[PDB]
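The chain below stands alone and is given as structure tokens, in the form deposited in one PDB entry.
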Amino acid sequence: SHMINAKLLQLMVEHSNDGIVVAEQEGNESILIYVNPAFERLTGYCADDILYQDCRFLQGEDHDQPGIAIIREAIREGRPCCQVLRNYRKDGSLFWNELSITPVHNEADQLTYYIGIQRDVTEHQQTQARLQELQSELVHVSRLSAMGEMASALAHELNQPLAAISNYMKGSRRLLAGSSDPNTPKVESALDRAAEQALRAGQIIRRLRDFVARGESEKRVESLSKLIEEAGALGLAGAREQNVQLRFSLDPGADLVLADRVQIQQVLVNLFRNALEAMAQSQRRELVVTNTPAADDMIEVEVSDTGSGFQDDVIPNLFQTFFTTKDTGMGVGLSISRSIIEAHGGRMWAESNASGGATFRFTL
């Protein structure tokens, strides 16, 4: 049964864009007997140089890879195997090789051959590792930031009552100054100790607040394209699921800003999450990000959605700490974002959009 002529197959294999090799078993060596030009391009070795010897030279000295042992076991067993490992071109460049090997037995000559299809997954590996770094740093930064915001909010809430207590103690001392009652000394002493405890309370606040503020707010030259893509990999994963239409109408002339990177990443991740959640129950789901020039040699970024939008009595409350409309929401994202923008030398505000959604703007 021949569906196509073997010449045609050979032609397709030769011109395929994936590296395709065929090897022959000779004891512990699986010598190459065919390589297609895609393999030559991927590896940089010429076919005249590497025929009739095992492919393991692509590993170099990097033999500390479990995939190698997996492949050796698969060859010994006789089963196929797909594995991804680090290989090196003739010039020394490192690349990630996803190779599928199928051992097949030729009964014409009773030999064991293998067909190997190999492709470059280096870009996928790099993006995935970058995403892992981002997820780890984002978890650490989110824990620290939430704790710090909690501490600051408590301090602000408790400043009035402790101050009032101190002032009452001061006033009571002043009233008792001119007293002849025998109990007055003890009373005074009692009040004194009370005052001490009040001050101690304040101290405790700072003693933990500064404990969690152990992170310095750096600012460096940063590419907006880069930090938008870094934030997007975490926050904008899953656009296909909610059928959200993404549009980045970006200006190549307004790309470089002065910013930190972990803080802008966390601001954008939070904005992206809030926008995706607000458009989760929307009919038309479209998110637009745009940059424009602004005053004071700044650049303004606008993010507009078709989400749940802002009710009339909502917009001036958005940035107040603990304000949320969600059952499980905390209401910390925008407060942290506003503190980050103000620390970096910009302004942030919100408005309703003409589609019933929300438009956020900030400057840097």
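Just count from 1 along the sequence shown to find any residue number. Think of the rigid core as the biggest set of C-alphas that the two forms share within 1.5 Å after superposition.
Q: I need to verify one thing: averaged over C-alpha atoms only, is the B-factor higher for 127 to 135 or for 73 to 81?
A: Stretch with the greater average CA B-factor: 127 to 135.
Q: For the C-alpha atoms alone, is the average B factor greater in 158 to 166 or in 265 to 273, going by the entry?
A: Taking the mean C-alpha B-factor of 265 to 273 and of 158 to 166, the larger value falls to 265 to 273.
Q: Looking at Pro103, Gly171, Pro182, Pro252, which one carries the largest C-alpha B-factor according to the PDB entry?
A: Among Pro103, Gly171, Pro182, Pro252, the highest C-alpha B-factor in the entry belongs to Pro252.
Q: Please work out which residue in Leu224, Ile204, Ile115, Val141 has the highest C-alpha B-factor recorded for this crystal structure.
A: Top of the list by C-alpha B-factor: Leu224.
Q: Can you tell me whether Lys90 has a C-alpha B-factor in the lowest, middle or highest third compared with the other modelled residues of the same chain?
A: Answer is lowest: the recorded C-alpha B-factor places it there.
Q: Can you tell me whether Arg200 has a C-alpha B-factor in the lowest, middle or highest third compared with the other modelled residues of the same chain?
A: Middle third of the chain for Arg200's C-alpha B-factor.
Q: Name the third of the chain's ranked CA B-factors that contains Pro37, choosing lowest, middle or highest.
A: Bottom third by C-alpha B-factor.
Q: Lowest, middle or highest third of the chain for the C-alpha temperature factor of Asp210?
A: Its C-alpha B-factor belongs to the middle third of this chain's values.
Q: Name the third of the chain's ranked CA B-factors that contains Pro66, choosing lowest, middle or highest.
A: Tercile = middle for this residue's CA B-factor.
Keep in mind that the form deposited in another entry is not shown, yet the notes after this line are about it.
Q: Once the rigid core is superposed, exactly one of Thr292, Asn183, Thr102, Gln126 has its CA displaced by 2 Å or more between the shown form and the other one; which residue is that?
A: Only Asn183 moves by 2 Å or more at its C-alpha.
Q: Please state whether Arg174 has a C-alpha shift of 2 Å or more between the shown form and the other one, with the rigid core used for the fit.
A: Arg174: C-alpha displaced by 2 Å or more between the shown form and the other one.
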